[PDB]
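This report refers to the structure that appears directly beneath it.
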Amino acid sequence: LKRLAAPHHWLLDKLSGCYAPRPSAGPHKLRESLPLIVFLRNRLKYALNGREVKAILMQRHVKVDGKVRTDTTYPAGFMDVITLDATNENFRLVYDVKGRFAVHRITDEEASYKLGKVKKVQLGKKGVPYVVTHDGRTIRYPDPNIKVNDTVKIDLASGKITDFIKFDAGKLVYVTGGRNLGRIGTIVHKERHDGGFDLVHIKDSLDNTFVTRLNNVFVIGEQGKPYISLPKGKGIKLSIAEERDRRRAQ
Amino acid sequence: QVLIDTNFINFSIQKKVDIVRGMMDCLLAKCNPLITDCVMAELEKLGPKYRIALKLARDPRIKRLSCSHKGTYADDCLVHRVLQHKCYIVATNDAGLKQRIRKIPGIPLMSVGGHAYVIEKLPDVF
Amino acid sequence: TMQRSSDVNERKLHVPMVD
Amino acid sequence: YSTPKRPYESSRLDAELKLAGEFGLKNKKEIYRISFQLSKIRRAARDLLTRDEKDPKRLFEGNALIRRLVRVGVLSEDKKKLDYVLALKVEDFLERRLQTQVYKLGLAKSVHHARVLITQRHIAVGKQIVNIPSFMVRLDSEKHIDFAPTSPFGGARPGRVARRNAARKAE
Amino acid sequence: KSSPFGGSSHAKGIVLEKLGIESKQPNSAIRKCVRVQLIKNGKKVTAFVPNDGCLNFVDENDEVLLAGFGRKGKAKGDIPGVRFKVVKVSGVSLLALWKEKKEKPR
Amino acid sequence: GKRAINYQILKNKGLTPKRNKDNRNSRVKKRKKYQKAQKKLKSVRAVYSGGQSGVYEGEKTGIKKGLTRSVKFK
Amino acid sequence: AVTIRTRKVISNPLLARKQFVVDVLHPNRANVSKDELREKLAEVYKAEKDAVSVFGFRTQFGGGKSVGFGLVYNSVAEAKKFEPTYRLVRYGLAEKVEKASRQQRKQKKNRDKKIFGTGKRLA
Amino acid sequence: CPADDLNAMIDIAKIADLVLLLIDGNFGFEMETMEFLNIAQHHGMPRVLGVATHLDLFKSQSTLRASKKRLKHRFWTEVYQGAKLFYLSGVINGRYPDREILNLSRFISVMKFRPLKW
RNA sequence: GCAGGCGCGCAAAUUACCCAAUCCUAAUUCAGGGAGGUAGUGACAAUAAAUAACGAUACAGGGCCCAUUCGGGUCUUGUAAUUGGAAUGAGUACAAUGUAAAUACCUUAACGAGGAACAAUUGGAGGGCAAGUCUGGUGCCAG
Ligand SMILES: [Zn+2]
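Residue numbers (UniProt numbering), protein chains in the order written: chain A, 9 to 258; chain B, 64 to 189; chain C, 42 to 60; chain D, 12 to 182; chain E, 39 to 144; chain F, 536 to 609; chain G, 4 to 126; chain H, 120 to 237.
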């Protein structure tokens, strides 16, 4: 019923009163999802305080990924889009260099799909197959070539799938968690243990490999074709010293 | 510029405190340890039980003066070439030499104790 | 402690009188 | 603030007397404050000397430290090495404070008159009126010190005594 | 064990009678003394009040406060034995009474 | 007919020694005893003053023969 | 003579509201008189003193420049909609007043909780 | 107590057990209550409660609280330290604010008196 | 639980304001919230400053200071409230900002200094004085 031990990627100061917004129940976990209040108040500063955040939610105005959802503490977290008709905007909200949630600015034809790593797949009832992805989109009737740890392209206007994406060597991956948070690239080798501690290993320009547990990472896409425009010019975060060295060079 | 003497070097070795890094950590400034050749006379005359003190006195950081007085009474040479100038900081551990120094007005003197040098009469020690 | 108590218990000391 | 180890030496007493006297100070606590920040600045400067040359920790943080001290002005730019930070001392720190700096700049004719006309809100560094002595003017803002715009020593209205005596001379 | 009386720094004491009223020499160490009943032990000791001119504030059974003395030398008229000075009388500091800031209530 | 209280009964700082306007300001006494310590060691050593002020008309205070104030080397 | 400038003018059609940080420079005046400066701000903007609203002021040390936050927008009817009651009381376009501070209305509703019945009473 | 006579003031100080003491904060203290305080101090201190009336100083509430802290400090140095005093406002329709009056009556309800030898 | 108090005959925040913020709860923009925020008290700690600055004149030189042994050095020493204008903030207060409203800070009209009486305290070290008192005893001394 309280807070202020908030996840520190929310850009939350300490002298903003005591409590933080407790994320209500929704699609995502609390530790990797930001609410609409911490979005619209102190992430892009379109509002000032919770009263007018309630005003711009119950103005029928916000539409998190296709629908209004008038709730201040609504945990719209990773890979969602937040469209607003006024201000022309669509925000796919993703991870970044340092770990916090980078906003995008996305046009409509890229804003009319999201994608999702499958969390589990089963057979639901009456013979019907059964797919649930990371946001609780329990979706019936996939294509039958279903793997787990696998990316499906959600149409997001009507809630079906429009495209399927497998996973193997030589196709992109993006990490959500660990020390290496918000980082792309997939080209070393595809090692697997049993009992976890396995990763699709990660490329670099200097062949730097980051290996974590496989629950965090999931596919964006392939070489030349990722399905999301990427933040800050394909952020791999080489070095601050290499950044200053490139500053001295060019 | 830190004048050195014999019991200071012996006590520094038996407390295992280094000379130059010990002075830098005691005083937080560059210290130039200075040995009079008349006190190196006493540190030679102590005999073969102090060869460690001898070959640690022979050190190119520790630049050495040259005396001009008959005999090798290092305490009187120290108090004389201090009260001629009042620019040196005396490192010692002798009680009587300490009493001579803290009788004469306003030079600083240091002495090893515990496991670091301590400095007595200097204002800007912190 | 005993330090904050053995000095403050002398507030209970007075001259014995009757009321 | 920080108290000394053995504070009641006659040498330290004559030290505090001389520094407070010729720099116009109000007690020994000012000396102790800037002596504490001097002590922490060269205690952070000596361990970088004890570690290896061209350790990038030493290189970057030493260039950081001397870039700060050149900009404050206690370290002249001819001595851009880290052992000169060890060679630094506390009268260079209280030379750069605003009271002594305005007395060196003129316009004050004594150190305590410098302190008191700072405290009368008469002196602004460029744009901002400053009413504290211990300010540490940086080397760029050394030549920005003149009287405030809203001060009778600047170009404002004459002060209280001036217009009161002008009215009584009108009587 | 941590003090001259139990462990406390001060103890309320009931004044029995003024020692040395009839000493002829003013400001004499017999004159500036007074009998006092320790309460937390309940026994009679003798104690100083400095400045026999301000002896005359405390008279009789006025619940005085009894602190240590601490001889920092060898004074001539100073008798040994006593190590208790009086620091307050009936609640108010008799030093403040001597420099006549406060007032003694009764 | 309204009485009041006067200054001693208001402030209650009765029966003090004679204090000092010098000691009232904790900077000024350090200004006004550094001024003495300047003029004290005009007597201890002979501190520099500013050099030849006027034209040289003598040191104005005497010169003695049988006295050398120069430190010797043992 | 004062000069009022604005900065970081960001629009916000989520409230149809144009928000900014305003800074006034008054070289010799004490302060800039919130009503007077907001009507001059409405003059330098399109219109409607009643629909411009500036609220976050502070005068910096040494005098001369004050900085605060300022809201302008159209349409005074949704100015009545989208602005809080204390600011609409501060300007002369709304007024709300109660009487019973905390304890009086608290004991009032506690008494009604005690009563539980409507207006019947006999003797 | 009729305030023009030590002839009364002395014996009221002799008999009384509680004294509530009526300063006016607009004027500070007065020598009448100082005289009564010393008479009570020497004949044996009854339990004293300060009350400071006439708080119509100005709109300057800073002056109001500065005079109040000077009054409570001069009161604490002169009856026992930290003694209780109540700040009454102006009279409203014949009598004082009933809030402070009810609090004062509460304290004198729980006063718990003490013996004196006379 | 919050406020205030009591249990000793010897003691210490206010029975203040408000949902305006941060959130929470609910039929739910709104209502409620002694959660929480504000104010007052608070020598409990921490940070920064004031309690004056600049002159002019007249005199005293048997004058000052540093020296454990009759040594050294200096008006460039002290007193005269002799005396003069400048500058200010404690305080005061039109106002305005501040905040839910108010107080506080910052800003500011007009006021506001000479003993700047708009009156700094706590200690410590020493003398000296009487037609005075008391005690000792080889006068006139000693304590
Ligand atoms: Zn030699």
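Note that beta-carbon positions come from the ideal geometry of N, C-alpha and C, so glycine has one too.
Check, Outcome
"Contact test: B:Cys94 Cβ vs ligand 1 heavy atom, cutoff 7 Å", "no"
"Closer than 7 Å: B:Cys150 CB and nearest ligand 1 heavy atom", "no"
"Contact test: B:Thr155 Cβ vs ligand 1 heavy atom, cutoff 7 Å", "no"
"4-residue-minimum alpha helix (DSSP H) runs that sit fully inside the stretch 166-202 of chain H, ordered along the chain", "180-195"
"Interface residues of the stretch 129-145 of chain D facing chain G [CB-CB below 9 Å]", "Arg132, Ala135, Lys138, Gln139, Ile140, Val141 and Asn142"
"Pick from A:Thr170, A:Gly232, A:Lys22 and A:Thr91 that is closest to A:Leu48, judged by C-alpha positions", "A:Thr91"
"Closer than 9 Å at the beta carbon, the chain D residues around G:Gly65", "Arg132, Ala135, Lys138, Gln139, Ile140, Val141, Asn142, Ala159 and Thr161"
"Reduced DSSP secondary structure (H/G/I, E/B, other) of E:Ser46", "coil"
"Spatial neighbours of B:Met173 in its chain, beta-carbon cut-off 6 Å, leaving aside the 5 residues before and after", "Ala154, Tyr180 and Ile182"
"Buried or exposed (CB count within 10 angstroms, at least 16 for buried), D:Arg57", "buried"
"B:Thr99: CB within 7 Å of a non-hydrogen atom of ligand 1", "yes"
"Cβ neighbour criterion (16 or more within 10 Å) applied to D:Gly117", "exposed"
"As assigned by DSSP and simplified to three states, the class of B:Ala179", "strand"
"Whether D:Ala125 touches D:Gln110 by CB criterion (8 Å)", "yes"
"Residues bridged to residue 21 of chain B (per DSSP)", "Because chain B here runs from 64 to 189, residue 21 of chain B falls outside it and cannot be looked at."
"Contact belief for B:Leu119 with B:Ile72 at Cβ below 8 Å, rounded distance in angstroms", "7 Å"
"Check: B:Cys89 C-beta below 7 Å from any heavy atom of ligand 1", "no"
"Inside the stretch 36-84 of chain G only - alpha helix (DSSP H) runs reaching at least 4 residues", "37-47"
"Contact with chain C by E:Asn99, beta-carbon distance below 8 Å", "yes"
"Distance between D:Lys65 and A:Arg252 (C-alpha atoms, nearest Å)", "18 Å"
"Contact set for D:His133: own chain, Cβ-Cβ below 7 Å, skip 5 residues either direction", "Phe158, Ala159, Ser162 and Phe164"
"Integer Cβ distance of G:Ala50 from G:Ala82, believed to fall under 8 Å", "Going by Cβ atoms, the distance from G:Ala50 to G:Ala82 rounds to 12 Å, so no, they are not a contact pair."
"Beta-carbon gap between D:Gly73 and D:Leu86 smaller than 8 Å", "no"
"Identity of the residues DSSP links to A:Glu97 by a beta bridge", "A:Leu92"
"According to DSSP, residues forming a beta bridge with residue 181 of chain G", "What is shown of chain G runs 4 to 126, which leaves residue 181 of chain G out entirely."
"Where H:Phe146 falls: helix, strand or coil (DSSP)", "coil"
"Contact with chain C by E:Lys112, beta-carbon distance below 8 Å", "no"
"Per DSSP, cross-strand counterpart(s) of A:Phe226", "A:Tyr182"
"Contact with chain G by A:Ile64, beta-carbon distance below 8 Å", "yes"
"Contact under 8 Å by Cβ, A:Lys179 with A:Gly107", "no"
"Beta-carbon proximity of G:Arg32 to G:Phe58, cut-off 8 Å", "no"
"Within chain F, the residues that D:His123 reaches when beta carbons sit closer than 7 Å", "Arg566"
"Chain E within 8 Å of H:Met164, Cβ atoms only", "yes"
"Burial state of A:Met66, where buried means 16 or more other Cβ atoms lie within 10 Å", "exposed"
"Interface residues of chain E facing F:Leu550 [CB-CB closer than 8 Å]", "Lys137, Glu138 and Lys139"
"Nearest-angstrom beta carbon gap, A:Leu123 and A:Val160 [assumed within contact, 8 Å]", "6 Å"
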